[PDB]
Each structure stands twice: as C-alpha cells, then as structure tokens.
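Peer 1: My questions all concern the structure below.
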Amino acid sequence: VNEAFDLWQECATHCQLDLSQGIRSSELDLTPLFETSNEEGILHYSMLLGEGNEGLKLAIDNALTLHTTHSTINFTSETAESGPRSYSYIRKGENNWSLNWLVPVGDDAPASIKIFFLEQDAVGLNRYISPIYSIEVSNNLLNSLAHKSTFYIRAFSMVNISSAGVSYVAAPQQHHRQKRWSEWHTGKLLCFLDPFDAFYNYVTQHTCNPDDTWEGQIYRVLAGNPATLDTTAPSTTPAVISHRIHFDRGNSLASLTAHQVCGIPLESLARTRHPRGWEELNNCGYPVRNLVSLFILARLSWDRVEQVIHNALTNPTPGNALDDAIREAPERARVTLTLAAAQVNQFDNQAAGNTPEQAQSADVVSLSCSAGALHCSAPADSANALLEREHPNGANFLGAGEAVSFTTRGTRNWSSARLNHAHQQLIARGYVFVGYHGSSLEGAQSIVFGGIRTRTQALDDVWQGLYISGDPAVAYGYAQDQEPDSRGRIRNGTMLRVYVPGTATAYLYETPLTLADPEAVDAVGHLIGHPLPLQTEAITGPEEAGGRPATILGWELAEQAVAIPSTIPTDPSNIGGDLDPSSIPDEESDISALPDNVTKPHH
Ligand SMILES: [Mg+2]
C-alpha cells in the first residue's frame, strides 16, 4: 500500500521517504521531457542520500542493485553477455553521499554506463569520490535507461533524499567520433559534468582541457532539481581518482595493449552498439588487439615474447597464424608484445592471487595521477585490475596543426616552429629536456600518442628503464627497427625529444662509470641512496668505457616523461649510418640545454 512515489517531484528538493511499510518504487519517465531521437550526449542521473542512507537496498529496474552499510556501498550490475558483476566500495566518508549514473545517448555513443558515489564532509560539501565504475550493458538497457526506468528503495525506518533529478549535455558534433568520446574511459570524464569540473581540478591539480572535455556544451536539467553548481569542499586535498573499466568481450588486456601501441582512446576498443570500423581501428587498433589474442591462444609464456618474434622471423612454422601475424608487421609485434608482457608482469606482482592468465580478462583501472607528484599510489581495491596511470603525453603538447604521423620519408606536419611552440608549452608546464630517444615508426606512435610505459627488455633487471641520450648521435643509432624483418630489411625510424617533470630534477644523477656494467651496480646504488633498479630516478654515464653519454630513466619516472618528435630526420638513404650533425637544425640545438645532473648522494 502506497508503494509508489514520484522521486523527481517529491524528492527534487527534499523528501523523508517512509520505508516502514516495505518497498518504495518510482517511475523515472524521461519520454515527455527528452526525445533520444537525433540526440548524442550524456544523461547524468543523481540524488543525494542523507540520514538513513545505511542498511538500504536500492535498484534501477532489475539491472543494477546496491546494498548500503555504514562502511560499504556494494552493487551488482547486469552486463551485455558476460552475466552479472559485483563491486564493493569501502566508504571514505561518514555523512551524505550522491548516487550518480551516466547513460550515454546516441547510435554511435559508447556501450557502457558509469556508476559513482560522491561522499560529502560533515557540512554537506563534496569531499571524496568512489572509483568511477564502467559496465558494458545490453543495447536494450542503454535505450531503456534513456527513456523509462524504475528506482526501488527498501530497508530491512526512513531515508532523506534531496536534489533528485537528471541533467543532459550534448556531445560536440564538430569533433570526429573517435576524439568526441576519447575521455569516456578516463578520470577527465568528471570534466564533462559542470558540478564536478572543479572537484577534478582540486583532487588531480590537472586542467579540464576545454577542447578535450566538451567545455561550452550546455549542461541542462531535464527533470527534478539535481546539483548543477560546484559544492566542492574548499579544503579538498590531492588524491588519485580511479576509473574501473569492464570489458564484456573478455579482451581487456588485448584492448588495453592496442590503446597503448596505437595511441587510440580505450573507448574506441570497447563494445560498440553497432559494428564500427574506423580507419585507425582497421589499420592499427584491431590488428594489434588481434596479435595479443593470437599470442594468448598459443599458450606461450609472456617471458618469451622476443624469442617468439625472433623464431617467427628466422625459423617460422609455415601456416602457423601467430608466426604469420608477427611476420606481417615485426616491429609492431615487438612494441605490442613487450608492452603486454610488462602489463602482465605488473599485474602478477600486484597480489599473490594474481596469475598471468587472470590478466587476460581483468578490468582496466585508469588512475588520474596528481600533477607533479613523483609517485601515483593505486587504491587497495585496484589490485585485481590492469593499472594504467594517466600522465600528460606528447599528444597533449603537439599544439595546433595537421595530424602528426611517423613515416620512412619523415615525420609529417612537424616544422621547427611547431617544435619551438611545443618546447615552450613544456617548459611553461615545468618539464625539463633530458635527451633524445631513437625509436621505430611504431615505437614513436606508441610513446607520443599512447605515452611512455614499461616494456620487457632483454637486459639485466637492475639497468631496466627508457634508454635516451643527451647526444642525438647516440639516440640516432636506435632510430630504426630493433631487428630485421623476415627478408632481412631494416626501416629508418624517428628521433624523439624526452622531457621529465620539474619535480624530478633532484633525481637526475650522473656517474663516470659505464652504464649496464655489473661493476658499476653498487656505486650507482650508493649515488641514488638505494640498490638498482631505478625507481623515480635517472642515471647518466658513458654508454661504454670512455664512450659517449647515455641516460636511463627508471620506468616510474619514464611513465611521467613526455616524448615529442625531434626535427632531426632519419636519413632513409643511409639506414644504419651515423648522424650527420649538419642535419640538426640550429633552432633545435638552441632549445637542447641538458640538466645539471647530481654527482654526489643527497645524504
Ligand atoms: Mg567541463
């Protein structure tokens, strides 16, 4: 009796909802107020739960069910095809919290909903956020949640609901489809929603980039009276935001790897509503994902990727699909499988329970790292996920111009003027030039558009990291394919410039000892104040005895470094040749002053 209520009328402002007579339900009917026909954008459903928000069962249709206690918010969600999926959030707050869900609208829009909990301080200001949970659901649920759904609430006695309603923001149609939804699977999602932009700024100390986060799109209420203005606690301190991404297809590791190799937004490799086939996906995205899948099907150790590639190129099994896939694009296979192997090793080391094989289908957790902070600590509840740290990369610093791409005939759309502008933007953001990195065309695409990240390397564990040099002639030797293809051919590659955040300048060390020399290991340990390997440090020294300098960035520093293209071309007439110092533009030499490296330990 009197089960029914009207959330968007009675609880728009405030309602004390009676739970004493058993279950309460409200139709959330959007059909009168919003026609999803010819709309592309985001529905943001929210309500604030006050006193009596503990010991409740909440539901949206039969699709999403939440259980609340004082210390936890637990939920189970339906998925498109993989069956139900359960998450437990340990509360960071003790007072009110908002239930938020995002429903993307449009035939071309993403095939995931977002769920997240914003916890307030004692005085009712937004202070803490849960992980952003991304669930790939059926086309039917995506459509229904944008039309009519029912909200159920039950105790086991009343609950204070306020600011119940729904808002909408249209996707910007001036940006092509890939770019348009690029931040759907990042913490910058919060920058799409007017009430949370400043929350993101205060918690991450990163910009809400106008051109990447829909700035200027009108965020408007459709029903009820939801929170639209910022009410962020002014005392909010920096903290890592986590975005947990479920892949219904079970191909998370392959999709993550394709994102990192190709520099393609992770959303583009997610579930599609209707079979898509973007030019960037058919050329790089799908083939790279497919190579990881074929490697998994071969049942080979991730420790052996470089020997599997070598074997495929020099002593292949004819008609073996993995060998043939490697042979088609060997250098892409090197970048692809050494990235996936590093991700699998990192996953394995996150928990005793974790196995290489659980990595294949694990959720991705995207971490919004705090600007400048040298360490980006993962939340405890991310230990069962594939971690990717969001740091600015080269693509954020290319500035205005046509699309930059890497070819044997040279870097496209990359003038001295564009480099000077990029350099100026980097030093204005406190980044410091540390040297040149030579890579393959595919290596450059990955590092610039995907970001620098750990790859497995055939070398001593203690000397692992990104190998660069202050001397562009050293880098130049690596600015080509790492090994020949199946016909014994090597392509020229790309010269890159590498910049570290200014926060790392005290950890840029130098020794007269030879890098990668077993006899230098204890002396380098003494210099950096702990045994190798390098963490958030770099070491500079002779490449070989008496030789030219090189620099190793520890992988944890390298992740935070930015690579942009050099205007030093690779000469395709003289593949394997020495750098002609006459091919170095004076405008580049002028911006290439190197740091004052630390030569004695701090203590
Ligand atoms: Mg915004």
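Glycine also receives a Cβ, built like all others from the backbone with ideal geometry; neighbour counts cover every protein chain displayed. FYI, it's all coordinate maths here, none of it is from the lab.
Peer 1: Give me a count of the residues in the range 161-188 that are assigned to a helix (DSSP H, G or I) and either within 10 Å of the ligand (Cβ to nearest atom) or of a type in the set (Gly, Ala, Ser) (or both).
Peer 2: Residues of the range 161-188 assigned to a helix (DSSP H, G or I): 177-180, 187-188.
Still in the running and either within 10 Å of the ligand (Cβ to nearest atom) or of a type in the set (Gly, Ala, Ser) (or both): 187-188.
Summing the residues that are assigned to a helix (DSSP H, G or I) and either within 10 Å of the ligand (Cβ to nearest atom) or of a type in the set (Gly, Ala, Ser) (or both) in the range 161-188 gives 2.
Peer 1: Okay, moving on. For the range 522-553, give me the residue count where each residue is hydrophobic (A, V, I, L, M, F, W, C), within 30 Å of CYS369 (Cβ to Cβ) and not in a strand (DSSP E or B).
Peer 2: As a first pass, look at the range 522-553 and keep what is hydrophobic (A, V, I, L, M, F, W, C): 523-524, 527-528, 532, 534, 538-539, 545, 550, 552-553.
Of the ones still in play, those that are also within 30 Å of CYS369 (Cβ to Cβ) are 524, 527-528, 532, 534, 538-539, 550, 552-553.
After this cut, where a residue has to be not in a strand (DSSP E or B) as well, the list is 524, 527-528, 532, 534.
Qualifying residue count for the region: 5.
Peer 1: Anything in the range 554-603 that is assigned to a strand (DSSP E or B) and over 15 Å from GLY438 (Cβ atoms)? List them, or say none. Full working, then the answer.
Peer 2: Applying the first criterion (assigned to a strand (DSSP E or B)) to the range 554-603 yields 562-565, 598.
Across the range 554-603, the qualifying residues are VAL562, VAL598.
Peer 1: Mind checking whether some residue in the range 284-299 is assigned to a helix (DSSP H, G or I), within 14 Å of the chain's Cα centre (by Cα) and over 30 Å from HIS44 (Cβ atoms)? Give the derivation first.
Peer 2: Of all residues in the range 284-299, those assigned to a helix (DSSP H, G or I) come to 284-297.
Those still in the list that are within 14 Å of the chain's Cα centre (by Cα) too: none.
There is no residue in the range 284-299 that is assigned to a helix (DSSP H, G or I), within 14 Å of the chain's Cα centre (by Cα) and over 30 Å from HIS44 (Cβ atoms).
Residue-by-condition table, conditions (1) out of contact with any helix residue (DSSP H, G or I) (no Cβ under 6 Å at 6 or more places or on another chain); (2) part of a strand (DSSP E or B); (3) closer than 24 Å to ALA223 by Cβ:
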site	(1), (2), (3)
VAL123	yes, no, no
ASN143	yes, no, yes
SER149	yes, yes, yes
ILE153	yes, yes, yes
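Peer 1: Of all residues in the range 227-263, which are among the acidic types (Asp, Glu) and surrounded by fewer than 16 Cβ atoms within 10 Å (Cβ to Cβ)? Steps first, answer last, please.
Peer 2: First, pick out the residues of the range 227-263 that are among the acidic types (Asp, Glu): 230, 248.
Passing the criteria: only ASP230.
Peer 1: Then there is this: When only residues in the range 89-106 that are assigned to a strand (DSSP E or B), in contact with a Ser or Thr (Cβ under 6 Å, 6 or more places away or on another chain) and not hydrophobic (A, V, I, L, M, F, W, C) count, which is nearest to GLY187 (Cα to Cα)?
Peer 2: Among those that are assigned to a strand (DSSP E or B), in contact with a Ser or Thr (Cβ under 6 Å, 6 or more places away or on another chain) and not hydrophobic (A, V, I, L, M, F, W, C), it is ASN100.
Peer 1: Follow-up. Going through the range 207-226 one residue at a time, which ones are closer than 16 Å to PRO195 by Cβ and within 15 Å of the ligand (Cβ to nearest atom)?
Peer 2: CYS208, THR213, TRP214, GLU215, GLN217, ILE218, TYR219, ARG220
Peer 1: Contact list please: Cβ distance under 8 Å, first residue in the range 200-226 and basic (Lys, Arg), second residue more than 11 Å from the ligand (Cβ to nearest atom), pairs at least six apart or on different chains.
Peer 2: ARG220/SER167; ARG220/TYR168
Peer 1: Does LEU33 satisfy the condition of being of a type in the set (A, V, I, L, M, F, W, C), under 30 Å from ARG180 (Cα atoms) and not in a strand (DSSP E or B)? Can you show your working first?
Peer 2: Numbers: of a type in the set (A, V, I, L, M, F, W, C): yes; under 30 Å from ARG180 (Cα atoms): yes; not in a strand (DSSP E or B): yes.
Answer is yes for this residue.
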